[PDB]
Every structure is written in C-alpha cells, then in structure tokens.
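In structure tokens, one chain follows: the form deposited in one PDB entry.
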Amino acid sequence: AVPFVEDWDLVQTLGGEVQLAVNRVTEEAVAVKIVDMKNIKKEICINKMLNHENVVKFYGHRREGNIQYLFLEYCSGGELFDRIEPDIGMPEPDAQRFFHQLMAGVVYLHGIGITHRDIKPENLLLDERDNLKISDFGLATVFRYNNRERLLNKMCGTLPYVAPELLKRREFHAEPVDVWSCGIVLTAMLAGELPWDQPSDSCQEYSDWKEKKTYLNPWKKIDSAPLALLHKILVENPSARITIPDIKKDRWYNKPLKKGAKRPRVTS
C-alpha cells in the first residue's frame, strides 16, 4: 500500500561488501551484504534456518542478475574486535557478559546442527545495547541432520582461532572446534593479544601453553578464575576438551562481576 516503503538508500560502507541501508520512508536501518556471484546458496540456506537474539537476523535476499543482496540485521555497536584494546583487552565484567552471549548463540547454533567454523572478534557484532550477535555464515555448515552427526574434514577458519585437531587429524567433531575458537576469543578479550599464530607444536607459544608456563604473556595478564576456564577450553585433545554444558557450570562463568545497564535515577 504505502508507495515508497520498499526503497532503501545505501548510505555507507560497513566493511563483496556490506552496506548500511536506510529505508526511504521509515528510516529503519539494515545491513546489505552485496555478493558478486561472478557458498552463497549455502549461506542463504543456512541464514533462513536462523532465529536467535545472539545471531545476526536474516531478513531476506534478492537476485538482480549476478549480484546477490542479503538483507541482515544492522548492528550499530560495530565489531567486538574494536572493543578490544591492544595488549590490554577490556574490563573482566564486560568480557564475561560478551562471553555469556557468545555461549548463548553457539548453544543455539549447535542445537540446530549448525557449526559456524569461523568464530573470531571480526565476526561478533554488537547492537545498540552492546548485545553480541554472531555474524557471517559464509563458512558455516550442517554437522547434524536427522539426529546423525557428520564428522568434518574440510579445513576452514582462521589460523590463530582454529583448534589443533583441524591441523593434525583427517576428521574431527564439529562442536569442540567452535568451543576452542570461543576460548581464543575469551583470551583476546582478557589480554588484548592472541596467544599463538597457530596451535602447532612447532609454535613456541603453543608448546609453552601446553607446558603450563602461565607466567608468560597473555596468560599472566588474566586472573586465576577465567584462566582456570581457559585451561579447560584450550585442551589439545578435543575429546577431553570442556563442553558447553560444562562451561555453563564453570566457577568464573558463574561469578558475579557486572552490574546491569545503568538506568536513570534521582534522589530526594
């Protein structure tokens, strides 16, 4: 009915490319991922299955020849990456809250049989109230279908975030890989640095971690409570690695640290 409601002005480059689009009539904002098909099909397919408060909402897609347009939730708070101060990290209570939200999103995805495969701060966006949303399902895949798990073998992800089994084994379970990358994200949040270029014994920093030399860099900056959680996540053997239901029982995970968003108040 309302004449111009389907018109969106592309106002600014967010990061093919991602454009911030604003509705001509309502002024509602959305992100438009523009992909020059000249993976997308899978990405759209996967997005249509998604509906969760810690996952970037998918509004739809439009053809237009060789260009694919994916309409996605706009996250005005930007990337989590930008909230991490180099060599420092961020306040522990903030890191805990983002970690809780990240686990909520991951539990949701795993519950529907989807693995993201590329969790890292660049792919974790923040809304207007600093709620974290998992983004970019370009590398995502179905690991469970009709209640049967399929083992993965494709090497996907980003080296500093990738689990060591993906470098050492032909096949591996999907879920522990996403848990591992969440561990590296937690490290980045608390220390403002990545612990190693990749989880290989040829990597001095990685061997040092396996030898428990936590008086070294990023580890010494942590705090014993979140560090004990990291000791459970960053375990080389994915079969021994902590699972999400057990992360949710962790002492640090459950430690009261952060006050809720401060609301207006006065005194009489």
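Each residue number is its position in the shown sequence, starting from 1.
Enquirer: If you look at the other compared entries where the surrounding residues are built, does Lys38 lack coordinates in a third or more?
Expert: Comparison shows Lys38 dropped in at least a third of the other entries.
Enquirer: Residues with no coordinates between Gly15 and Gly16 in the deposited sequence, how many: none, 1 to 3, 4 to 9, or 10 or more?
Expert: Some 4 to 9 residues are missing between them.
Enquirer: For the stretch from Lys38 to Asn39, please bin the deposited residues that the model skips: none, 1 to 3, 4 to 9, or 10 or more.
Expert: Count of unmodelled residues in between: 4 to 9.
Enquirer: Of 28-36 and 64-72, which one has the bigger average CA B-factor?
Expert: On average, C-alpha B-factors are higher across 64-72.
Enquirer: Which is higher on mean Cα B factor in this entry, 124-132 or 176-184?
Expert: It is 124-132.
Enquirer: Compare the CA B factors listed in the entry for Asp223, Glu53, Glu43, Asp208 and report the winner.
Expert: Max CA B-factor in the entry, restricted to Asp223, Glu53, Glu43, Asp208: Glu43.
Enquirer: Could you look up the Cα B-factor of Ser202 in the entry and say which third of the chain it sits in: lowest, middle or highest?
Expert: Highest third - that is where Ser202 ends up once the chain's C-alpha B-factors are sorted.
Enquirer: Using only modelled residues of the chain, where does the Cα B factor of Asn47 rank: lowest third, middle third or highest third?
Expert: For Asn47, whose C-alpha B-factor we compare with every modelled residue in the chain, the answer is the middle third.
Enquirer: So where's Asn23 on the chain's Cα temperature factor ranking, which third?
Expert: Middle third of the chain for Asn23's C-alpha B-factor.
Enquirer: Quick one: classify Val11 as lowest, middle or highest third of the chain based on its Cα B-factor.
Expert: Answer is highest: the recorded C-alpha B-factor places it there.
Enquirer: Considering only modelled residues of the same chain, in which third does the CA B-factor of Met155 rank: lowest, middle or highest?
Expert: For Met155, the deposited C-alpha B-factor lands in the highest third.
Beyond what is shown, the protein has a form solved in complex with a small molecule; the following relates to that form.
Enquirer: At 4.5 angstroms, heavy atoms only, are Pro93, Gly183 and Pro226 all close to the small molecule in the bound PDB entry?
Expert: Verified in the bound PDB entry; spot residues all out of contact, no.
Enquirer: Please pick, from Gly192, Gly113, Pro176, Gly157, the one residue with any non-hydrogen atom lying within 4.5 angstroms of the small molecule in the bound PDB entry.
Expert: Contact check passes for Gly192.
Enquirer: Among the candidate residues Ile84, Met103, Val142, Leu152, which is the single one with a non-hydrogen atom no more than 4.5 Å from the small molecule in the bound PDB entry?
Expert: Only one listed residue qualifies here, and that residue is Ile84.
Enquirer: Within 4.5 Å, heavy atoms only: does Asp197 come near the small molecule in the bound PDB entry?
Expert: Yes, contact at 4.5 Å.
Enquirer: Even though the small molecule is not shown here, does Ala188 get within 4.5 Å of it in the bound PDB entry, heavy atoms only?
Expert: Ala188: contacts the small molecule in the bound PDB entry.
Enquirer: I need the one stretch from 119-127, 105-113, 142-150, 164-172 whose residues put non-hydrogen atoms within 4.5 angstroms of the small molecule in the bound PDB entry.
Expert: Checking each option against the 4.5 Å cut-off leaves 119-127.
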